[PDB]
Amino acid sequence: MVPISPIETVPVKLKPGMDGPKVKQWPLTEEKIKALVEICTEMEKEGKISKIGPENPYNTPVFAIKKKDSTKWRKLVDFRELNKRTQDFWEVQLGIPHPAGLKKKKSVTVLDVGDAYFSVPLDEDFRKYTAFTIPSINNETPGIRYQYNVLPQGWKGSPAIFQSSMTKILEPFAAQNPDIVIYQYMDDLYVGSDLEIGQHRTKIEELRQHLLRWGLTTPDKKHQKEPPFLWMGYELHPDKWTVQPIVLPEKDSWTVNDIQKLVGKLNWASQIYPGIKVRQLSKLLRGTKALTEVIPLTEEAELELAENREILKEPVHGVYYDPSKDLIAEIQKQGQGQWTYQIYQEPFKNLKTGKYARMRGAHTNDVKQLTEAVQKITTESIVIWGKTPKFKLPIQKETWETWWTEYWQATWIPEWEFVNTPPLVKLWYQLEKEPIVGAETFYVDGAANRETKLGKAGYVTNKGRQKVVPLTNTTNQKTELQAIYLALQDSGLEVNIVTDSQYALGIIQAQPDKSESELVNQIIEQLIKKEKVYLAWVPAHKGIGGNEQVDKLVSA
């Protein structure tokens, strides 16, 4: 005998206050019982389960399921109740590697560790909670009782404990062999390197020798799996990656469900296919979730879908990461709150792509959205590569400087350069810091009756120009904006406007270039046409001339 090291046991508890499962065993047919007895006898011989005495009060139900197109049955021990009662574990797989962060490899070998799994013992003190019962033939003897000695398939802790156990064992090998990479997924280990093939094979033999220290064997006849690998929705090749085929179905009509799946596919595709768009398709899913409902595609959605089909007409691949080179991220504006980007190191060789959509809300502007997109790409890049890319952005350096220095919030974008690819992001209007000499001064106001929703909006000016318009189906806030709109409409290219509306100031000081409100959009359109606009706020009801006159005119 060659001594082997035991695999250290992970201590396991039930949740505080919870006892183990006591669930009734279902009756089974005589055929299923014989099958389960044979299956369990073999598992017992292999050391996976042990017969137990009558004292154990716990139970989990067991079922027998027929392996399709076969005369062989399979067992199912249904641990749902035990799982509810079992503590939470650290789950390592939560964040999966992105292919674009991986490094090129010459050789990747797959080693089967499915047998090693049953050398990981289940905590002795927890075993009692895994008890189950094979019913007896004709119920004329006590059912056969067993418990697990190993991590049960389907039990909450098995994946985490298996993985954590393998990682601990592999750690010294990885540390002392920095010229390879090792990744575990399910029952397989993947071992990569850039070594010449003989040396790579030597490393694999050395890994096998290391694992034997714990009595863990891997299969001599080497795995059938070899590049390319289908993994987590990707195709991995030695020196490039892509997504698995993206196939958009042909349909005469589309349901909510078809469209959710279509958007899901486009979203998945957008990580390597440049320029994918999903706004108009996603607009179709607004508010409704009857999966069977049929939604007519708008012309805009049909155009979006056609543009995507063209993008997807042939294969695109990403390259892997070279840590010796800078990362570059370039962004383009696509319209309707959509933005697209590519991350590369060498020109025309993308590591990945992606997209960003405008956040839901009342008002927005292109500079804010570009900023948001930069922060998303930055965070994504820290996750994947551990560093921020240098940015190439469709905004002039002078535009950015004007924006950030005058904006009421703190804002920052990391190192970047202008790329002159239209459409460029620009500032569409800029309010004056001081009142304009020689420009007419418009004192604006509006009011509405909260019951009838009737209102008035208007202005008076220092030249004696005046206007009041009666309005229906309106509110105090709408009339305050209406009044500013009237002043913009009726003034020359330079204008001073005096308002008491904290609401309107709050909107305009946010500097939107687009809004969900048709009125705000009309105001923005007017502002764009002016040469100079100074907007002054005063408090309401304080005897301030101009303001007081117009307030009286609009309140009735």
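The first residue of the sequence shown is number 1, and the count goes up from there.
Exercise. Which of the two stretches, 227-235 or 285-293, shows the higher mean Cα temperature factor in the record?
Worked result: Higher mean C-alpha B-factor: 285-293.
For this session: Look over 306-314 and 173-181 in the entry and identify the one with the greater average Cα temperature factor.
Result: It is 306-314.
Problem set entry | Of the residues 120, 243, 131, 247, the one carrying the largest Cα B-factor as recorded | Out of 120, 243, 131, 247, the record gives the largest C-alpha B-factor to 247.
Exercise. Going by the entry, which of 160, 468, 263, 486 has the most elevated CA B factor?
Worked result: Answer, based on the entry's C-alpha B-factors: 263.
Problem set entry | CA B-factor ranking of residue 511, expressed as a third of its chain | CA B-factor rank for residue 511: middle third.
Exercise. Among the chain's modelled residues, which third holds the C-alpha B-factor of residue 95?
Worked result: Residue 95: CA B-factor falls in the highest third of its chain.
Problem set entry | Ranked against its chain, the third holding the CA B-factor of residue 301 | Highest third, going by the recorded CA B-factors of the chain.
Exercise. Split the chain's modelled residues into thirds by Cα B-factor; is residue 192 in the lowest, middle or highest one?
Worked result: Residue 192: CA B-factor falls in the middle third of its chain.
For this session: Check where residue 64 lands among this chain's C-alpha B-factors and tell me if it's the lowest, middle or highest third.
Result: As the PDB entry reports it, the C-alpha B-factor of residue 64 lands in the highest third of its chain.
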